[PDB]
Amino acid sequence: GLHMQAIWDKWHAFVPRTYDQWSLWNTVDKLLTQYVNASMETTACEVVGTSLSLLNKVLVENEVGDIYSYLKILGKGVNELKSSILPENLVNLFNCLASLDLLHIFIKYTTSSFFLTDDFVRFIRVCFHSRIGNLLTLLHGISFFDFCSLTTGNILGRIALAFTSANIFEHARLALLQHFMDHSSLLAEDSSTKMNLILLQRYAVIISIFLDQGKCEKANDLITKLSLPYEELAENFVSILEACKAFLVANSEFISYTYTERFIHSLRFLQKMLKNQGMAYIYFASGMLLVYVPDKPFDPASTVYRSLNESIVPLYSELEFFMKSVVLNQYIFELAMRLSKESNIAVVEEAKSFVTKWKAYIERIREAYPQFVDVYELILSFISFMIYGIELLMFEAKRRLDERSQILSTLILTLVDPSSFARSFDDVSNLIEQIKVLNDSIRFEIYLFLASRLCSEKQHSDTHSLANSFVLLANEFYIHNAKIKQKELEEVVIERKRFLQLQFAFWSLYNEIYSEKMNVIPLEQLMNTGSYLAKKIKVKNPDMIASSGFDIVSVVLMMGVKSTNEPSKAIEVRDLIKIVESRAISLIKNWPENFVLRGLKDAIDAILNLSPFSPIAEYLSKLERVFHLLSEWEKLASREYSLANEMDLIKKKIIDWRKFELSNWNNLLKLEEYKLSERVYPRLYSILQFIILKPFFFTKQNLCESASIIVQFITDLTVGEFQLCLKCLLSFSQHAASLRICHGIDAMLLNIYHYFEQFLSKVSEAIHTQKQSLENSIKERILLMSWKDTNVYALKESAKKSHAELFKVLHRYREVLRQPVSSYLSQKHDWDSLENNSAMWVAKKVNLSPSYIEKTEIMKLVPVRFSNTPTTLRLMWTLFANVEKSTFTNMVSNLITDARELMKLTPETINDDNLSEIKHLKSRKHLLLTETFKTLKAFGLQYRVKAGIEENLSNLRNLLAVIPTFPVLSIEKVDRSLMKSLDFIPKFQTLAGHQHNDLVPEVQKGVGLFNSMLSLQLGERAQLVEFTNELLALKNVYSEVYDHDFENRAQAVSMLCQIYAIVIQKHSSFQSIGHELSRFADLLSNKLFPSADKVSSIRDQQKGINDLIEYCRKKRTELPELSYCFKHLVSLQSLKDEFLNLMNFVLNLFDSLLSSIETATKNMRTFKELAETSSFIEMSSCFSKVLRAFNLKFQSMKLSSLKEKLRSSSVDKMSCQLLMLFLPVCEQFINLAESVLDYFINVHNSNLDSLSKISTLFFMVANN
């Protein structure tokens, strides 16, 4: 009931003029719409339709007839195209690119554009492949789909393009990827904000037309249609406010199209923008709608169509009905009210009904009444803005209604995209939490994918992140494992199959994480496996409910390309089979048989049935049945109509296939090996992970847990496992040992390994021996049949014979592995026969010290009183030199030499030497034991002591549990020897009640001296572990001695560099900046790995940071390549006095070190003197006091100077002259520290294993 006149004189589009011109319009429309039904010929037909539009606009200049014949020729061409089709499904992403096309068509062009520029090229190139009269869509020419500003996550279907012949689909998928590369930059500016600028431009047109002669307002329309979208976008708020003010000067009842501008203001200011935009669109829609809605025919009725037919009254009635629904405005307003809030479930149904019903109303308005062409045009354009408003509000509200799907959105955008793989324990907890909130095989598979990314990120050094991540991951896996166990107590079988296999994967990475050989999984393999998990996550979601995250949907389309780029022999075999199957199916479809046709039909029916990559041989069985039926219908008849050449091809293929089964049949020991591990890892997994991973929530507790642990490992008696389990315990040890939510469990695990590490080598020998037996057997058996040169028939029966032989060998291997590992944990009586002090004269290792040793005087005014750091280094080296100077080992060796000499020296016969020599020999043997234990009872080791022996004697498990391990290969030697010693200790204590066979109380005396020896040993071990932890701290202390601590940011930019390098490397004339980019990537990574010549390295590193800021910036500038544009966007986002005090402190520390070394000189020199001048105790405690030369106090003062220097500014002229004058000798102290640690360390190993050999000698004496 309003004006509607001048808009049809100011929008006032182009339209057919003559009745014959309307005939030409509709005829050309019918033709070209047929022509856009259904590669390189697509580009040809694009040129065809382009020139046809050129000629139609030429005829629109009203000189008719040339295109009557010319378009008749083009119609002959289109009809020759009509001899040529197009089935597809879920190709809606083509309609999404079409939407981006129509948006770039409308918004980026303000002038009249009669499809001249390449926007028409991209639009037609989509269009003739797109979904949906095309000239009616062209009908808004000299003038002025939507929800792909909401949810582009329908790209999931694109990866679900490749999932469920399909090679036309696959080259079409490459075509869709090609067109996506074509529509790159306009899809990469921004969606969903450009439509705001579109509403600005449309209302600019309408409100500019709302006046006629406002001069400053005419300049306002001039700048308010200023077709610089960045400049207009900067102008946005100011232009909108000025438009509000100039719109206020209009007539009354404009409050609908005034309050439009309210919501549209903050809509481009606000996540939450969607509802503001939808309200604004519905508002400005109804504003110009009720503006240009009359309650009568107000036509613009030259340049109109030839019609004195005037049922514009009836079409105005039909337009007035859908005006009637919004005429009251209760429903538009009511729908708008529903969009803001309070929508439970009914608003979704009502809104979808409104969208559909008004949509079909617009469609019928298009189809019937082509009359009122200009009228239905402007009206339906406003109504399209309305329905876009109603549905955009519907999508925002339905997202806020049931937010289950947005969980899958935040997972799926962060499961496969560069924004995820940029770079956690909080986020790992969050995504594990949301995964719990998110059939289940994929739900564990994503946990595996996050795990692999965790180990990958692990290389770039911390325990807390990787630790807690892995702990939470294993918590999930253990809960699921016991869930499957209890469910087993009562495709589900296939579900359990994938559960067990991925369980093997998870514990495989768990034994691979901290065993630390080489943990590189390639980042491209990481991302592409992310894509396989992404489309498998697509399989998991049977709904498109998830709504875009709206921060990236551009490169993530290209991740499906590299997934389609970069158990499969079934494909080629089925290809050859399908070729010959269709050949014979046609030749039988034209010459019937009525029996063999059913045969080959069911053959191709079941042959192409399965698509499994684990089932391969069943396809070989299907091909065997096909060759059987083909042999039948070949031998029946038809000397003409047979195919028979691919039959020979199938003969050769089955020949090589059975040959492949013959070769792969050698792989069977690994088969039961992996079956053994798949049954193995869950048990020790659940036990040790329960008692070592409850500790996210003492000494007696550690002892009890060690009792259960050693009970398990010794109870793990099924040989072969012990190699795997020993490796596994070392793994669980370290990869929970870096967790500081337990401390002692590390000691129990590592000692449990390193003293279950005695027995390993003989077990390995027996294992490889039985392996040799079965391998020789299999070599004979697969040698016992060859390329048979016969028997297409008897192939299966010969295979059955080999299957019997393999079954025999499998039972044999199951037996040999199923033997218990209780066997090889012992030792026996075998004669065996068994470094001083290294250094580092590191004056050249500093050597910028020699120059300032020739230079300075400002430092020389200060007296250090050391005064020759050269001669200080000489003094330290000369100290170790003279102090370079074991009797337990030495007397043990003298006794063992006498033992071998006597053992051969009375090796004579029984009766003849029993005449004389047996008496003197046996009595001398007893005298050897007597004087041995006597001089022993002198040499320390007093008998009859049990005050601290009640600890060491019982619970060999818990006695092992006390043994403190060293912090960080001589250490391995020492630990192996004394752990073997303590291994012999428990059974030797338990070895009473059979000594009189060897033939007393002195047996108890020997047992006591043995316990005393092990006690002195273990105390030496405790002091060693103490000095080890102390020097480890001090090495970290000296370890902390312009650009630093932003190296985290450097590492992150390197990570993104490598990621987007793989991305642009998936381009399939663009590879030139591919490898080039990677060059910069590697330099930054090398700098991170490094984190004097290093100052040049960091200078070059920061200069490379500048360069790779610039060498992307030109390529982002001088080339669109919009993936690299987003990457460089994230890159550029990430990118841009007390002299006496510390002097006396430091020289005090230096002299403290020098006197500490001199104290060590006195102490170990006395140890050298009182070496034999002692009895195993005095020199023992003396050496313990020698090691008790002060370290931790020196560690304290070193940390004091570390704090005093780190907080303070570093000056090369004075502060660094002293630091150079000192810190060298600190390095010297660390050097000689590790030297003495090794010297006494190997001394401990020497004396320990020497008396351990003496103890095994005593047990050998106890044998007989």
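- For this deposited structure, the header cites cryo-EM as the method used and 5.3 Å as the resolution.

- Looking up the protein in the PDB entry gives the name Midasin, with the organism given as Schizosaccharomyces pombe.
- For this entry, the PDB record gives the title as "Full-length S. pombe Mdn1 in the presence of AMPPNP (tail region)".

### With respect to the overall build of the protein
- Assigned secondary structure in the protein consists of 55 helices and zero strands.
- Relative to the 2.2 N^0.38 estimate, which gives 33 Å for 1264 residues, the radius of gyration of the protein is 44 Å and therefore markedly larger than a compact globule would have.
- Along the three orthogonal principal directions, the C-alpha set of the protein runs to about 150 × 105 × 55 Å.

### With respect to the packing of helix 12 (residues 256-267) against helix 13 (residues 273-291)
- Relative to each other, helix 12 and helix 13 sit at 160°, their axes nearing to 8 Å. If you check the angle between helix 12 and helix 13, you find them roughly antiparallel. When you trace helix 12 past helix 13, the crossing you get is left-handed. On helix 13, the residues touching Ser256, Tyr257, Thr260, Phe263, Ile264 and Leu267 of helix 12 are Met273, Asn276, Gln277, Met279, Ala280, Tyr283, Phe284 and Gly287.
- Considered class by class, the residues forming the contact of helix 12 with helix 13 number nine nonpolar, five polar and no charged.

### Focus: the domain arrangement of the protein
- Entries for the protein in the domain assignment read domain 1 (1-143 + 151-188), domain 2 (404-564), domain 3 (569-664), domain 4 (669-818), domain 5 (840-905 + 940-1041 + 1137-1264) and domain 6 (1047-1135).
- A C-alpha centroid distance of 27 Å is found between domain 2 and domain 4.
- Taken together, the five residues of domain 2 in the interface contact five residues of domain 4.

### Here we look at the packing of helix 40 (residues 887-905) against helix 55 (residues 1215-1263)
- Between helix 40 and helix 55, the least distance of the axes is 8 Å, while the angle of their chain directions is 35°. The chirality of how helix 40 crosses helix 55 is left-handed. Packed against helix 40, whose contacting residues are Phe888, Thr889 and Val892, the element helix 55 presents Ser1246, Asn1247 and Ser1250 at the interface.
- For the contact of helix 40 with helix 55, a count of residues per class yields two nonpolar, four polar and no charged.

### Section: unusual backbone geometry
- One non-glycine residue with positive phi stands out, namely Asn62, at about 65°.
- Within the secondary structure, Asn62 sits in the loop between helix 2 (40-59) and helix 3 (66-83).
- Positioned with a positive phi, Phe1176 is a non-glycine residue whose angle comes to about 60°.
- Secondary-structure assignment places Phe1176 in the loop between helix 52 (1139-1169) and helix 53 (1178-1187).

Conventions we followed
- Residues numbered from 1 in each chain as written, not as in the entry; some residues may be left out.
- Heavy atoms only, no water.
- Residues with missing side-chain atoms left out of burial classes, pairs and counts.
- Helix = DSSP H or I, 4+ residues; strand = E, 2+ residues; numbered from the N terminus.
- Rg over C-alpha atoms; globule rule 2.2 N^0.38 Å.
- Axes fitted to C-alpha atoms, helices over the stretch in contact; angles between N-to-C directions.
- Parallel < 35°, antiparallel > 145°, perpendicular 65-115°, else oblique.
- Left-handed = near helix turned anticlockwise from the far one by under 90°.
- Contact = heavy atoms within 4.5 Å.
- Nonpolar A, V, L, I, M, F, W, Y, C, P; charged D, E, K, R; others polar.
- Domains from an automatic or database assignment.

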